[PDB]
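Residue numbers (the authors' numbering), protein chains in the order written: chain M, 43 to 133; chain S, 11 to 118; chain H, 208 to 236, 271 to 275; chain G, 1154 to 1202; chain T, 32 to 123; chain N, 22 to 102.
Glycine included, each C-beta is placed from N, C-alpha and C at the ideal position.
Everything on this sheet refers to the single structure shown next.
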DNA sequence: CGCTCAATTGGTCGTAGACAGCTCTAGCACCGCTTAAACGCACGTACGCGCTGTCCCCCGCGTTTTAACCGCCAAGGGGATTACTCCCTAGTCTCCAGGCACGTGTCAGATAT
DNA sequence: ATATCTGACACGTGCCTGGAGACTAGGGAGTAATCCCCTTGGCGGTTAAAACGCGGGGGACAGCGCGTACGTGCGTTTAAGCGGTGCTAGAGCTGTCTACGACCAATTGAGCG
């Protein structure tokens, strides 16, 4: 079989909530803020605005990577498809 | 002096022309604001907002729903190339993505 | 039929009385051995 | 809320020797009749308080 | 104290198209964001047009031009027609 | 500890990939994505803090990040500003 | 080459959360109306650097036939999916606790009614 | 000179922000089975590649003339404060219906014949 993942696509495209676990994301946001500068602290709405921008940005990256792999006649993504998707965007 | 009423009502307009007349001067965009400019901008904002609000209500109608959510607003953008261009630099909170498949993914 | 006109009050009213009560009672109170 | 349980353990028990009060949070209406004695470590600038 | 937003006004305008329809608090925030984004676009574009003309005045023609750089499709000329109607009916 | 960005879990990155519409995912992709995810915050948190440092506040507001996202060309609705 | 079977996608019941009309309040900048500043629309008046056909050689193009390459054929074996097995940390929700702001404090000692 | 003022300067409690603890149970991480994939690599109908002989027109003038620029006139432009007072968000609270939960049917993908 090896292909019913196509039903996951349709489920997670029907769904529209945020997908990364809030605590892990908040821990990472704080860790990246705290080694950047002292005593920066985030309102919940700022962490949510960050996470929505991140996940929308990654959905864009995966759509772009999909078209790179489809263009390469693949049905699979490798890190090189992401590195094209960065250089072709200028990222 | 007379009992007050909105300047929008004489213009034929649905948004607050008075605070548009405030914003256009208070935002330091110019030294002077022409008497038509806030009426014109209210009319433009109303026209474009009503045009997308029909698509919002139609997106909910298509999904057979009665209460608008950000998903219906994302569907309203992805139902019109003018909005897909205009909002091409916009993120919609909880709006998700349009459901789509490249034919290569399909069995047979 | 007719009961729903009262249920829309009393189903909420029993909850108000209970919530008032549960608020008010806080508001008024190997190895080895040698 | 906290002002209750500390009073409820000081009244009605012999478990504690001493209590610390500010002249102005403690001074009004608490009725600590379990106490025999009082020490003003400070007197206030407003007399009779 | 008040915070400058359009919540009641967009729900007033909804009756133009869908009187049957409700709005979630989240969706109200999205449409509040839409109308002020289009303001920041047009007010900046019209001010840059006015700067290139060095004029003290903004006018119906600054915004008529700015809308044509906001949108490529005929929704621009329809919005421009709605602005010229409204300014006419206001001044008559 | 799990602080090595691996706290962004394999199935969570895979669910973002599934919403993104991609089919077979090679096992290095999760870690390549965690690399991009750091760099996106090295743009966005960094500039959002330069807006927090305009007022020099301790609290980061949703406005502070929306201004950074606006200068970085990825505007966001629902939070206002 | 079209069945039987083991599983969803989709349907009906449920239950209380999340709207949107109150139901007013009362804060305020919108709307009215004169006052007053200065430059917008008007507009000559300087005189032009886009276009109109002469003279002459430049660049693009068709044609030709090598020979690299993409589209394709099938197979190669290792790494992504489908699914079970088990370990932990995301979320709940709790109490703890402290910074920002507001307010009474008060009476002193610095300033003026 | 005197009334009494404006700091000195502190602990009152409000608000919410913000942390860490102990629990369930959602879901993440570990793994084979095995398939089916990205990938390696020969095949010849088809076009990249560059001359020779050549067509389409790029190129540099002379100067006509339908528009372009300056920058002051003069009457029409918005400015500008501050009167009244309707709109407007706060916000207090429903009064449900609407989208999201809990129990189980029509339709699909998998197995191989």
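Tell me which residues of the stretch 96-108 of chain S have at least one Cβ-Cβ distance to chain N shorter than 8 Å, keeping chain order. 99, 100, 101, 102, 103, 104, 106, 107
Whose CA, out of 113(M), 72(M), 81(M), lies closest to the CA of residue 24(N)? 72(M)
Would you identify the three-state DSSP class for residue 1174(G), choosing helix, strand or coil? coil
Simplified DSSP state of residue 89(T), which is helix, strand or coil: strand
Compute the beta-carbon to beta-carbon distance between residue 92(M) and residue 65(N), rounded to the nearest angstrom, for a pair I have assumed lies under 8 Å. Taking the Cβ atoms as the reference, residue 92(M) lies roughly 6 Å from residue 65(N), within the contact range of under 8 Å.
Can you say whether residue 99(M) is buried or exposed, counting buried as having 16 or more other CB atoms within 10 angstroms of its CB? buried
Contact list for the stretch 27-45 of chain N against chain M, Cβ threshold 9 Å: 28, 29, 30, 33, 34, 35, 36, 37, 38, 39, 40, 41, 42, 43, 44, 45
Please confirm if residue 99(N) has its CB atom under 7 Å from at least one CB of chain T. So yes, residue 99(N) belongs to the interface.
With DSSP as the reference, identify every bridge partner of residue 144(N), one or two as the case may be. Nothing can be reported for residue 144(N), as the shown portion of chain N is limited to 22 through 102.
Using a Cβ-Cβ distance under 7 Å, would residue 101(M) count as near chain S? Between residue 101(M) and chain S, the shortest Cβ-Cβ separation is below 7 Å.
Spatial distance of residue 25(S) from residue 32(T) (CA atoms): 21 Å
CA-to-CA distance, residue 84(T) to residue 90(T), given in whole angstroms: For residue 90(T) and residue 84(T), the distance between alpha carbons rounds to 12 Å.
Note down, in chain order, each residue of its chain lying with its Cβ closer than 8 Å to the Cβ of residue 56(S), except the 5 sequence neighbours on either side. 23, 24, 25
Based on Cα-Cα distance, which residue from 34(N), 94(N), 69(N), 48(N) lies nearest to residue 63(M)? 34(N)
Please report the distance separating the alpha-carbon of residue 40(T) from that of residue 77(N). Those two C-alpha atoms are separated by around 35 Å.
Closer than 8 Å by C-beta to residue 1168(G): which residues in its own chain qualify, once you throw out the five before and the five after it? Chain order, please. Excluding positions up to five away in sequence, the list reads 1162.
Do we get a CB-CB distance below 7 Å when we pair residue 172(M) with the residues of chain S? Here chain M has residues from 43 to 133 only, and residue 172(M) is not among them.
Following the continuous alpha helix (DSSP H) through residue 38(T), name the residue where it begins and the one where it ends. 38-44
Contacts that residue 93(M) makes with chain N (C-beta to C-beta distance below 8 Å): Residues of chain N passing the Cβ test: none, with the nearest at roughly 10 Å.
I want to see whether chain S comes within less than 7 Å of residue 73(N), judged by CB atoms only; does it? no
Mind listing the chain S neighbours of residue 45(T)? Cutoff is C-beta to C-beta under 7 Å, in chain order. Contact note: residue 45(T) reaches chain S through 63, using a C-beta cutoff of 7 Å and chain order.
Given residue 18(S), which residues of its chain have a CB within under 6 Å of its CB, disregarding the five upstream and five downstream residues? 27
For residue 132(M) and residue 52(M), the rounded distance between their alpha carbons: 30 Å
DSSP bridge partner residues for residue 100(S) (one or two, in chain order): 96(N)
Is it a yes or a no for the stretch 123-132 of chain M touching the stretch 94-108 of chain M, going by three-plus beta-carbon pairs under 8 Å? yes
For residue 78(S): DSSP bridge partner residues: According to DSSP, residue pairing for residue 78(S) in a beta bridge involves 54(T).
Chain-ordered neighbours of residue 96(N) on chain T, where CB pairs are closer than 8 Å: Ordered by position in chain T, the residues that pass the 8 Å Cβ test against residue 96(N) are 68.
Using a C-beta cutoff of 7 Å, does residue 121(T) count as contacting chain S? Chain S has a Cβ within less than 7 Å of the Cβ of residue 121(T).
Taking the straight line between their C-alpha atoms, what separation do you get for residue 109(T) and residue 101(T)? 13 Å
Is residue 1192(G) buried or exposed, if buried means 16 or more other CB atoms sit within 10 Å of its CB? exposed
Can you tell me which of 77(S), 31(S), 115(S) puts its alpha carbon nearest to the alpha carbon of residue 50(T)? 77(S)
What separation, rounded to the nearest whole angstrom, lies between the Cα atoms of residue 1181(G) and residue 1199(G)? 15 Å
Would you mind stating whether residue 85(M) and residue 71(N) have Cβ atoms separated by less than 7 Å? no
Mind pulling the chain N residues with CB within less than 7 Å of residue 64(T)? 98, 99, 101
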